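Take a look at this single chain, the form deposited in one PDB entry, given in structure tokens.
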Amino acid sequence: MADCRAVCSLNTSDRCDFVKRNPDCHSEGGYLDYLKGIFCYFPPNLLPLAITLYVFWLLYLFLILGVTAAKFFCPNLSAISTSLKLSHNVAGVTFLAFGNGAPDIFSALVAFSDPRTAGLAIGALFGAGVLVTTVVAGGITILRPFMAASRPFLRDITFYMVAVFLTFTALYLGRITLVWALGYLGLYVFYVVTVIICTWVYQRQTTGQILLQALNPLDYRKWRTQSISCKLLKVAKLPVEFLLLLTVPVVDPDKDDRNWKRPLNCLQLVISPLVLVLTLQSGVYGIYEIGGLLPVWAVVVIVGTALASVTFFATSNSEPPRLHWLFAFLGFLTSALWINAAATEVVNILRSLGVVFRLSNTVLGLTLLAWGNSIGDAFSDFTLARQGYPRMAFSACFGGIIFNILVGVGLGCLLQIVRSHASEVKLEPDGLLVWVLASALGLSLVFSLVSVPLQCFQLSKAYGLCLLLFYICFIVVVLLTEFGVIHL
């Protein structure tokens, strides 16, 4: 049973049958098979067309991931937390990190779930770390010079350096054991507690019309006000936000009504469980037939419609019911499962590209996956800096990467340990490129640790332009290593 890569060394007439036959070209989950798409669906003459279509689909999936994380995942998480009365400053610091890091976390979970894709996770986490500490942080200082806060900066840079070196040693050892994963998660909890304690010590020292409106994602006044490019982006997002509005309930403590849309919410009381059962483990559980007579989805629909009718007749259009926060729980779950589905598709596409072109998991992780997972960071942080909040954006840069690495490695490896019933996760490093990537991350961190205090925490355009030049040269070295020009 040959490897999947062998496909390109066969004759064109046996490619499609090889892909159909070889179990090493089959994916664990997902809905589309991109390799059968390339080698059976598409004429070989039109292979570059298939690949460009794949790239466009990948970019659109990154758009989906960003929108879902920004507008449906974090608001519901914030509703749940505000039900427990936190603080505005910790909220601002940390919820921005959760929102920016949901795609990285779910991509790492999906990649770690399979030994053939596990190198993608390391490539993407370290690659996003390099990109966010050079290009995004430097861009913030180029757009708006400011004076950084010294003590939070030193705290964040120290915690990040520790996490990075821990992962270096786990890579050298070649494995992640259960104790290591629990240690990663514990270190993240310790970091959040330290932030809390330090901040405290410093502080002391008609229904039809509302249905139509609720499902409309366009603000016509704002749309007319915007420029052409903003208009084009809005339309690029319209179908996605329509589906998200249809399926994901949202609870807003900021609004006086808490986004209580009676009929849309009662409809979602049917729709959301169905989407959950149809997207869980790729809907495998959906077609499971109970007792050989009734499938799971039918009984889900029955219970959902009964509960929807009961809620609709036991609630009022003006006043939300006393149990309106359970809707936040449900919307959090549905949004998480949507993000998981999109991440699964992205990982499958990247694996297919690696098979077709014989590219390593590390190089695909550190370029395409990292850039796609950092689009959201770039948008949110550059917007924050342009609005006059560059300290918050700069802090979010270093606070989100800590969450990415610690929670991504710890949770992804823990879930793989538990489901496989094994005792460890194998980290087989693929050549010299992983050590090149590690070296780049370390030296970027060293540059900032020396440079920022030397400027007395007054940051401007020179620091950012130096970081930009560094990232350019890093991509230089990566491409030279991937094509064999630099070999030990």
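Take the two forms, superpose them, and find the largest set of C-alpha atoms that agree within 1.5 Å; that set is the rigid core. Residue numbers run from 1 along the displayed sequence.
Beyond the structure shown, there is the form deposited in another entry, which is absent from this document and is the topic of what follows.
- Superposed on the rigid core, the two forms differ between the shown form and the other one by 2 Å or more at the C-alpha of one listed residue only; from 239, 174, 92, 115 that residue is 92.
- The pair residue 93 and residue 403 is at least 3 angstroms closer at the CA level in the other form than in the present model.
- Relative to what is shown, residue 460 and residue 96 are farther apart in the other form; their C-alpha atoms differ in spacing by at least 3 Å.
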